[PDB]
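Student: Let me start by giving you these chains from the complex, positioned as in the assembled structure:
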Amino acid sequence: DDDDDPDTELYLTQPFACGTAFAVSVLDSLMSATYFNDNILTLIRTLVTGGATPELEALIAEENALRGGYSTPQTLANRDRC
Amino acid sequence: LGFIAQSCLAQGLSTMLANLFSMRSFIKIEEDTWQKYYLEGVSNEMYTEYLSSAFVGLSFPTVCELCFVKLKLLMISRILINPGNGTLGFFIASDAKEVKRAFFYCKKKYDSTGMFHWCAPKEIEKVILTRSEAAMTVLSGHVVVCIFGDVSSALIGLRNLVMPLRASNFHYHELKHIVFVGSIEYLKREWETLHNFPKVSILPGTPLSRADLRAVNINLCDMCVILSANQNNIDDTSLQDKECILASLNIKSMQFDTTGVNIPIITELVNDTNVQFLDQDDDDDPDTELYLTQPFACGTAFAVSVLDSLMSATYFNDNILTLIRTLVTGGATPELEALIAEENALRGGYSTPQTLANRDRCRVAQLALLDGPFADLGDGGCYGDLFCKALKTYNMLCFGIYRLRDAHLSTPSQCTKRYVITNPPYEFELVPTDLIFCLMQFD
């Protein structure tokens, strides 16, 4: 129940505007933004995928596997993120 | 693989042999760099000629020894390597015209044959090491070999890598433990020829993983050797050697509670053009030949292309070739080749005094100049003095000097890379921080 047109761009398509379709094409534009603002890319990796901090990146680099440890007040402190 | 193993025993020896076998003219550049000393080293070549009448008199070695100052050359009927206690002489001089001067100037625990160590055949599961088991085990001054293989990878033949490391003149305590890290299936495919050997361990995984390299104690290993067996399947220039470059770069970047750049690593390249990616602090020119490159000059990179020159040298002097098979892969007696032809599997026999006597053959080693009786000679500035004193005292024949790259520079530097200089002249400047390539008898 939509008007289809091969000339119509993906962002204008009915199923994309409804949030029911996704493709990597749009992500291409990220490069342009990533050049003009470095920090914005970090915000992206914070807004999606939760919080991947330098420490977590170092741990994954060393091991390539997630590890669980006993809770400490510092670990429970960094929960303020919206 | 023999050149790689000899470089493992004495780092930068593969470069030494490759430059000896290749025919190079004398080149001098005006600007003061390490390249002058390296290019002086590469100009010397391997030659053979018969000794004169003066050297065939009361005794061979005593007249042969210490006479190299007057002859201005160095000497290496049977194959003789650093002899101790009309016969051919193997010379390391520069140009065959001046090499023609010696003649003119008269003024069960071992193997059956006894050449290599041996032990009972072992199961692959016996030598498989897991990360925890490898971590708890103490590995220091050992050999780690990263192997890239799949189901369709061709057979490398690591047997020729393991024989030169375990020679009879090496005591069981002096042996270096060998750990092969890589895919379990490929290592299993080549394990059948390997199960007869001692002190070999297998760790499934990939060398790209930092955890495996930490578990096998890289920071204290004597040598890390990177090999890829999949080069024959991949044809494109870019696709070749990416795994090797990544493994080398990951080993360099790895940090320990020091930097991994100081770790000694040798990488096999099928494509010479990739050699520029091995060292970050190197000027890269595609026109520059492989031997001129910094990674090859320091001995961190090896390619089979240089071995092509052998086809020429082998023709002009057949003996030369067999001497190589003596300097690498331990000893290659015809009886051993006969047994390989009949059986293809190495077999061990009960020891007899004849076998135990067949251990006087010298072996290559590094001598450190900072600590030892030669410390005074280090700052003296005369290589020939060190040569004469070593020959007179310990009868130790020194090929050349393995020297820091930035030593010639006045300002101190933190670089650890060392390049080889072959047969330095008598009047050659010497610094305390140098290594000496030497041949040593059994003890």
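Tutor: Thanks, I have the structure now. Residues are numbered from 1 along each chain as shown, chains lettered A, B, ... in the order given.
Student: and residue A:63, how many neighbours?
Tutor: Other residues lying near residue A:63 total 13 when counted by other Cβ atoms under 10 Å in any protein chain shown. (Each C-beta comes from the backbone N, C-alpha and C, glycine too.)
Student: wouldn't it be in contact with residue B:211 here?
Tutor: Yes. Applying Cβ atoms under 8 Å, one finds residue A:63 in contact with residue B:211, separated by 5.6 Å.
Student: Output the contacting helices and strands for the helix or strand containing residue A:42.
Tutor: Element membership for residue A:42 (DSSP states H and E) is helix A:38-47. Counting contacts by 3 or more Cβ pairs under 8 Å, 6 or more residues apart in numbering or on different chains; DSSP states H and E, helix A:38-47 is packed against helix A:30-36.
Student: Give the buried residues for the helix it packs on.
Tutor: Counting neighbours by 16 or more other Cβ atoms under 10 Å in any protein chain shown, one finds that helix A:30-36 has no buried residues.
Student: Just give me how far it sits from the chain centre.
Tutor: Computed by Cα atoms, centre = their mean, to the nearest Å, the chain-centroid distance of helix A:30-36 equals 14 Å.
Student: Now tell me what touches that helix from outside.
Tutor: Helix A:30-36 is contacted by residues A:40, A:41, A:44 when judged by Cβ atoms under 8 Å, 6 or more residues apart in numbering or on different chains.
Student: mind listing the helices for chain A?
Tutor: Ranges of helices within chain A are A:14-17, A:30-36, A:38-47, A:54-63, A:73-77, based on DSSP state H.
Student: Kindly export the last one (C-alpha atoms) in PDB.
Tutor: Read it as helix A:73-77. Extracted in PDB, the C-alpha atoms of helix A:73-77 (Å, rounded to 0.1, in the frame of the first residue of the first chain):
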ATOM      1  CA  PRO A  73      31.300   0.600  43.500                       C
ATOM      2  CA  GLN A  74      33.100   2.200  40.500                       C
ATOM      3  CA  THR A  75      31.500  -0.300  38.100                       C
ATOM      4  CA  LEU A  76      28.100   0.400  39.500                       C
ATOM      5  CA  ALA A  77      28.800   4.100  39.500                       C
END
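Student: quick revisit: could you dump the helix holding residue A:42 to PDB, C-alpha only?
Tutor: In PDB, the C-alpha atoms belonging to helix A:38-47 read as follows (Å, rounded to 0.1, in the frame of the first residue of the first chain):
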ATOM      1  CA  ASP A  38      35.700  13.500  14.800                       C
ATOM      2  CA  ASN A  39      34.000  13.500  18.200                       C
ATOM      3  CA  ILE A  40      30.500  13.100  16.600                       C
ATOM      4  CA  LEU A  41      31.500   9.600  15.500                       C
ATOM      5  CA  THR A  42      32.200   8.800  19.200                       C
ATOM      6  CA  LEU A  43      28.700  10.100  20.100                       C
ATOM      7  CA  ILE A  44      27.300   7.700  17.500                       C
ATOM      8  CA  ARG A  45      29.200   4.800  19.100                       C
ATOM      9  CA  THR A  46      27.700   6.000  22.400                       C
ATOM     10  CA  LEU A  47      24.200   6.600  21.300                       C
END
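Student: Drop chain C onto that structure:
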Amino acid sequence: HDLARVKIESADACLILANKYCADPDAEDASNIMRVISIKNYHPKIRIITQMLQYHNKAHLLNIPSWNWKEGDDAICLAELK
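Tutor: Let me add chain C to what's already shown:
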């Protein structure tokens, strides 16, 4: 020499595009690791923004000693972001 032609030394940033629609994603990631290694080898200080078809290849390129994400290097992982 071609890097000397396009003046990498004075270039503020270098952007490596990727062919998202490829037969073997690992092969394209490997081509990109060649690009990154070459550019860092000629010049380590220069910023690099690149597309990443696989997340573990991002770990591989993090192992490069010249790679320095804190100052000006960015990796855009397509699979991770999508």
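Student: Go back to the neighbour count of residue A:63, now with chain C?
Tutor: 14.
Student: secondary structure element for residue C:27?
Tutor: Assessed by DSSP H and E, residue C:27 sits inside helix C:25-42.
Student: list the buried ones in that helix?
Tutor: Judged by neighbour count (16+ other Cβ under 10 Å), helix C:25-42 contains these buried residues: C:25, C:27-42.
Student: Can you check what angle separates the helix holding residue A:42 from helix A:54-63?
Tutor: Orientation check (axes from the mean of the first three to the mean of the last three Cα atoms, to 10 degrees): helix A:38-47 against helix A:54-63 gives 80 degrees.
Student: does chain C sit close to helix A:38-47?
Tutor: Yes. Helix A:38-47 reaches chain C (Cβ under 8 Å from any Cβ of the partner chain) through A:38, A:41, A:44.
Student: Looking at the residues you listed, which is nearest residue C:46?
Tutor: Comparing those against residue C:46 with Cβ to Cβ places residue A:38 closest, at 13.7 Å.
Student: Tally up the residues packed near that closest one, please.
Tutor: For residue A:38, using other Cβ under 10 Å, the count is 17.
Student: same question, the one 10 residues further on
Tutor: In terms of burial, residue A:48 registers 11 neighbours under the definition other Cβ under 10 Å.
Student: and residue 64, what is it in contact with?
Tutor: No chain in the question, so chain A it is. So residue A:64 contacts B:209, B:211, C:56, C:59 (Cβ under 8 Å, 6+ apart).
Student: please go with chain C instead
Tutor: For residue C:64, the contacting residues are B:249, B:253, C:36, C:37, C:40, by Cβ under 8 Å, 6+ apart.
Student: any idea which element it lies in?
Tutor: Using DSSP H and E, no helix or strand contains residue C:64.
Student: And for the one 4 residues further on?
Tutor: Using DSSP H and E, residue C:68 is not contained in any helix or strand.
Student: Skipping adjacent residues, who's closest to residue A:51 in space?
Tutor: residue A:81 (5.9 Å; Cβ to Cβ, 6 or more residues apart in numbering or on different chains).
Student: Tell me which two of the contacts of residue C:64 sit farthest apart.
Tutor: B:253 and C:36 (13.6 Å).
Student: Could you tell me which residues of chain C lie near chain A?
Tutor: Going by Cβ under 8 Å from any Cβ, the residues of chain C near chain A are C:13, C:15, C:17, C:20, C:49, C:51, C:56, C:59, C:62-63, C:70, C:72, C:74, C:76, C:78, C:80-82.
Student: from those residues, which ones fall inside strands?
Tutor: In strands, defined here by DSSP state E, the members of those are C:13, C:15, C:49, C:51, C:74, C:76.
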